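Peer 1: Here come the first chain(s), positioned as in the complex:
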Amino acid sequence: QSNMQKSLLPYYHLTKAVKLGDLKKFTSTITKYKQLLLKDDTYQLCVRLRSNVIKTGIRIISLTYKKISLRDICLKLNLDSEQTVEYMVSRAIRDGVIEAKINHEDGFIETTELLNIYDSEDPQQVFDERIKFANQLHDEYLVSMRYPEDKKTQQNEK
Amino acid sequence: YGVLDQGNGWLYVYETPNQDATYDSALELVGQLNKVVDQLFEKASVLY
Amino acid sequence: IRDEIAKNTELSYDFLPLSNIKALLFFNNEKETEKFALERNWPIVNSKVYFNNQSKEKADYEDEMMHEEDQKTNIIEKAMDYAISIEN
Amino acid sequence: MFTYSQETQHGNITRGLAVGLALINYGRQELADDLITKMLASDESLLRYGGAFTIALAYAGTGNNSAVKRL
Amino acid sequence: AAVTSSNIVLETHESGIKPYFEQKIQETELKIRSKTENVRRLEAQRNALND
């Protein structure tokens, strides 16, 4: 839905490779398009985005299934140990990506709810942004009535 | 306005889901005023 | 690395066995695991940790300061500042 | 001048006293700020009337920002 | 240069009264444009209320 894909053909491949949680696909493309990445100053970010293959791999699976065992996620993303799962997810939730909590006495990960925020004080923050910007537009227009009038008066006859 | 529990055989029944009767009107409000701005922008900017 | 995993594991767990915290934050004694727990102000009572206890005290620290009160922005303040732009 | 302005209930005599206050305060500038606050605070029509012209005469013949805003 | 002042040496930082001239004259010319346009703005509105 971008109106060209005619140089965005490497970064379409990057969305896909992170998306499935597949490591091999990430290796094949990064070597292939190495000169292009180097030129665009996007090669440094792809050392971190190697790291986020698995971190975003988790993000589809924990979203899809509210409660899913530690062992089931070892299936899906082919992870070493149950303990290996817990470590990856714990980092991500401090960074805020998952929004979840791991329960070790019942051996499953429970993806936390967002609830209704309509009954919380969150919509009042969004409005505050909107209100402040709109007040600023009404004051600005009045100043800019005056400005064309000065420009024209100075200008040589028509 | 119900949903059916097969997890133990219950039928949860609620009346209409409560909604902002006000916010219905406010979608219509935005739809009206928005075309006014397309005209304002067209006419003020085809001067120069 | 040991200080970094304590941060992650506040949000993840509510409590843990003392043998589990031991495995996770990597330690070769239980003297190290509890020393590390009481640095992060988590009672080691019942032979379980209690991560939530440090979370309470960070929130109080913030409420005493005047940097947290206007970030919230109260509803008396929002309306009055809203009113004076119009009448200006 | 001030005391007998407040004192006389005859309206002609108050007005003459209120204007005659002004004249003494020609060229005072800064030391006429005591007078000016008293004349304007009063709820008498004549006192305020001459009260303006205390401000005219103090800074008369050169500009002044404080005097222009007050008036 | 890169170790000595050796560019924009004909004004600014030459005697202290030199940068005093420059700072202020640029401020005054910006200010008079602002004060006239605001006073005109604000009078158009007070005429509307009067109206």
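Peer 2: Ah, there it is. Numbering: from 1, shown residues only, chains lettered A, B, ... in the order given.

Peer 1: What about residue 43, how many residues nearby?
Peer 2: All of this refers to chain A. Neighbour count of residue A:43, defined by other CB atoms under 10 Å in any protein chain shown: 15. Every residue, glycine included, has its C-beta placed from N, CA and C.

Peer 1: Actually, chain E is the one I wanted.
Peer 2: Residue E:43: 10 surrounding residues under other CB under 10 Å.

Peer 1: where's residue E:25, which helix or strand?
Peer 2: helix E:17-50 (DSSP states H and E).

Peer 1: Does chain C have contacts with that helix?
Peer 2: No. Using CB under 8 Å from any CB of the partner chain, we find that helix E:17-50 stays clear of chain C, coming within 10.9 Å at best.

Peer 1: buried set for that helix?
Peer 2: E:37, E:41 (16 or more other CB atoms under 10 Å in any protein chain shown).

Peer 1: other SSEs contacting it?
Peer 2: For helix E:17-50, the elements it packs on are helix A:122-154, judged by 3 or more CB pairs under 8 Å, 6 or more residues apart in numbering or on different chains; DSSP states H and E.

Peer 1: The helix it packs on packs against which elements?
Peer 2: helix C:75-87, helix E:17-50.

Peer 1: switch the cut-off to 6 Å
Peer 2: Helix A:122-154 is packed against helix E:17-50, with contacts defined by 3 or more CB pairs under 6 Å, 6 or more residues apart in numbering or on different chains; DSSP states H and E.

Peer 1: quick check: angle from the helix it packs on to helix A:122-154?
Peer 2: On the basis of axes from the mean of the first three to the mean of the last three CA atoms, to 10 degrees, helix E:17-50 is oriented at 100 degrees to helix A:122-154.

Peer 1: so how far is helix E:17-50 from its chain's centroid?
Peer 2: Offset of helix E:17-50 from its chain centre (CA atoms, centre = their mean, to the nearest Å): 9 Å.

Peer 1: same check, this time on stretch E:38-51
Peer 2: Chain-centre distance of stretch E:38-51: 26 Å, with CA atoms, centre = their mean.

Peer 1: which outside residues touch it?
Peer 2: Stretch E:38-51 has contacts (CB atoms under 6 Å, 6 or more residues apart in numbering or on different chains) with A:142, A:146.

Peer 1: can you dump the C-alpha coordinates of that stretch into CSV?
Peer 2: Below are the C-alpha coordinates for stretch E:38-51, written out as CSV (Å, rounded to 0.1, in the frame of the first residue of the first chain):
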residue,chain,number,x,y,z
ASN,E,38,-0.7,42.3,17.5
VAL,E,39,-2.2,45.7,18.1
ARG,E,40,-3.9,45.6,14.7
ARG,E,41,-5.2,42.0,15.5
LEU,E,42,-6.5,42.8,18.8
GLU,E,43,-8.3,46.1,17.6
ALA,E,44,-10.2,44.0,14.8
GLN,E,45,-11.7,41.9,17.6
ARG,E,46,-12.6,44.9,19.9
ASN,E,47,-14.3,46.6,16.9
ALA,E,48,-16.2,43.3,16.4
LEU,E,49,-17.5,43.3,20.0
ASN,E,50,-18.3,47.1,19.7
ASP,E,51,-20.2,46.3,16.5
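
Peer 1: onto the same structure, chain F please:
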Amino acid sequence: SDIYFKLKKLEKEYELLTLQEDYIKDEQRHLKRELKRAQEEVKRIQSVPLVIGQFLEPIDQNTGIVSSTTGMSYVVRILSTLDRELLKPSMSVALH
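Peer 2: Below, chain F sits with the chains from the block before:
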């Protein structure tokens, strides 16, 4: 510099323009309160007592011709921010 010492006196003059600019806001407030006051008087007249006529025809669009139940016939001025579209058909009207 000559311009600069002449400036000092000019800057004072611009300051009185500054004080004009503060003065507008004080005039504005007075007028806005008062527009609502002016309007309050006219609401007194809109409301009771009234005497019922029957509206005939517009002769302008700000002045009309009516008849009354008083036994007379008048020319009356039509007050603003009221409908001028519903005086076309002859219908009962109220006159102050």
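
Peer 1: Chain F added, so what about the buried residues of helix E:17-50 now?
Peer 2: Within helix E:17-50, the residues that qualify as buried are E:21, E:35, E:37, E:38, E:39, E:41, E:42, E:46, counting by 16+ other CB under 10 Å.

Peer 1: Just put these in CSV and tack on distance to residue A:142.
Peer 2: Output for the buried residues of helix E:17-50, formatted as CSV (distance: CB to CB, whole Å):
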residue, distance to residue A:142
E:21, 34
E:35, 15
E:37, 10
E:38, 9
E:39, 12
E:41, 5
E:42, 8
E:46, 12
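
Peer 1: where does the most centrally placed residue in chain E sit relative to residue F:7, distance-wise?
Peer 2: Residue closest to the average C-alpha location in chain E (CA atoms, centre = their mean): residue E:27, at 1.9 Å. In this view, residue E:27 and residue F:7 are 11 Å apart by CB to CB, to the nearest Å.

Peer 1: What residues does the residue of chain C found nearest chain A make contact with?
Peer 2: Nearest to chain A in chain C, going by CB to the nearest CB, is residue C:8, at a distance of 4.2 Å. Going by CB under 6 Å, 6+ apart, residue C:8 touches A:90, A:91, A:94.

Peer 1: rerun at 10 Å
Peer 2: Residue C:8 sits next to A:86, A:87, A:89, A:90, A:91, A:92, A:93, A:94, A:95, C:24, C:25 when contact means CB atoms under 10 Å, 6 or more residues apart in numbering or on different chains.

Peer 1: Tell me which of the residues you listed fall in strands.
Peer 2: Using DSSP state E to define strands, no part of the contacts of residue C:8 is located there.

Peer 1: Wondering if stretch F:12-25 reaches chain A at all.
Peer 2: No. Residues of stretch F:12-25 are not located near chain A by CB under 10 Å from any CB of the partner chain, the shortest gap being 12.3 Å.

Peer 1: buried set for the lengthiest strand in chain F?
Peer 2: Longest strand in chain F, counting residues (DSSP E): strand F:51-58. Across strand F:51-58, burial judged by 16+ other CB under 10 Å covers F:53, F:55.

Peer 1: contacts for the helix or strand that it is followed by?
Peer 2: Using DSSP H and E, the helix or strand that directly follows strand F:51-58 along the chain is strand F:63-68. With CB under 10 Å, 6+ apart as the contact definition, strand F:63-68 has outside contacts at F:51-59, F:72-78, F:84, F:87, F:90, F:93-95.

Peer 1: Output strand F:63-68 as CSV, restricted to C-alpha atoms.
Peer 2: The C-alpha trace of strand F:63-68 is given here as CSV (Å, rounded to 0.1, in the frame of the first residue of the first chain):
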residue,chain,number,x,y,z
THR,F,63,-40.7,45.9,9.9
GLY,F,64,-44.2,44.3,9.4
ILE,F,65,-47.9,45.1,9.5
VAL,F,66,-50.1,43.4,12.2
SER,F,67,-53.6,43.6,13.6
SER,F,68,-54.5,43.2,17.2
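
Peer 1: following sequence is chain G, add it:
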Amino acid sequence: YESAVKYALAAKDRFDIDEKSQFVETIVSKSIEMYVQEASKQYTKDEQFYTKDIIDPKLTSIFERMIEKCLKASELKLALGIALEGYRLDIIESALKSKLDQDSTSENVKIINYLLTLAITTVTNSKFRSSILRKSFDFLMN
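Peer 2: Following on from the chains above, chain G is added here:
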């Protein structure tokens, strides 16, 4: 601009080779301004107050030396112009007094007039504007 000029005089140490070189003399110019703010209020209280510790020792020494630099351009509007602004008697009395030399009859009168018309138009301060007026006539008479 303000953190810099306050820090310079707060220190009570070197920033005063920048007058003699080219670096930042915007710091110097804000120091001239700062002098107006303190002097005004203290000129009502006394006609001698320039050697108090309320007024900084750097502030005083800079103020006099700036005038010294002014007269070496050999345009006397800077010397005198600053002098009036500072709420300073000493700078004025000396400035006028040294530069009368019978360059011309017409011209010696002019030196005083620049400052004199400046006093009347610019300064609205009653105490100060009165003093100046007496001084001006003493050099004219002389």
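
Peer 1: so, what packs on helix A:122-154 revisited with chain G in the model?
Peer 2: helix C:75-87, helix E:17-50 (3 or more CB pairs under 10 Å, 6 or more residues apart in numbering or on different chains; DSSP states H and E).

Peer 1: Residue 22: neighbour count?
Peer 2: I went with chain A, as the question did not name one. 17.

Peer 1: Oops, wrong one, chain F.
Peer 2: The number of residues near residue F:22, taken as other CB under 10 Å, comes to 10.

Peer 1: so it is in which element?
Peer 2: Using DSSP H and E, the element containing residue F:22 is helix F:2-46.

Peer 1: Could you confirm whether the longest helix along chain D reaches chain G?
Peer 2: Taking DSSP state H as the criterion, chain D has its longest helix at helix D:11-24. No. Helix D:11-24 is not in contact with chain G by CB under 10 Å from any CB; minimum separation 16.5 Å.

Peer 1: Check stretch D:48-62 too.
Peer 2: Yes. Stretch D:48-62 is in contact with chain G by CB under 10 Å from any CB, via D:59, D:62.

Peer 1: mind listing what's buried in that stretch?
Peer 2: Neighbour-count burial for stretch D:48-62, counted by 16+ other CB under 10 Å, picks out D:50, D:51, D:53, D:54, D:55, D:57, D:58, D:59.

Peer 1: likewise stretch D:18-38?
Peer 2: For stretch D:18-38, the neighbour count (16+ other CB under 10 Å) marks D:18, D:19, D:21, D:22, D:25, D:28, D:29, D:32, D:33, D:35, D:36 as buried.

Peer 1: which two from those residues end up farthest apart in space?
Peer 2: The largest separation in the buried residues of stretch D:18-38, counting by CB to CB, is between D:18 and D:29 at 20.3 Å.

Peer 1: hang on, the earlier thing: okay, the angle between the helix holding residue F:22 and helix C:75-87?
Peer 2: 100 degrees.

Peer 1: Measure how far helix F:2-46 is from the centre of its chain, please.
Peer 2: Worked out by CA atoms, centre = their mean, helix F:2-46 lies 21 Å from the chain centre.

Peer 1: just stretch G:63-70 next, same as before
Peer 2: Centroid separation for stretch G:63-70 versus its chain: 8 Å, with CA atoms, centre = their mean.

Peer 1: tell me how far the ends of stretch A:89-108 are from each other?
Peer 2: 12 Å (CA to CA, to the nearest Å).

Peer 1: Flag every buried residue along that stretch.
Peer 2: Going by neighbour count (16+ other CB under 10 Å), the buried part of stretch A:89-108 is A:89-94, A:97-98, A:100-102, A:104, A:108.

Peer 1: Now, those residues that are in helices?
Peer 2: Within the buried residues of stretch A:89-108, residues falling in helices by DSSP H are A:89, A:90, A:91, A:92, A:93, A:94.

Peer 1: From residue A:138, how far out is residue E:25?
Peer 2: The gap separating residue E:25 from residue A:138 is 34 Å, by CB to CB.
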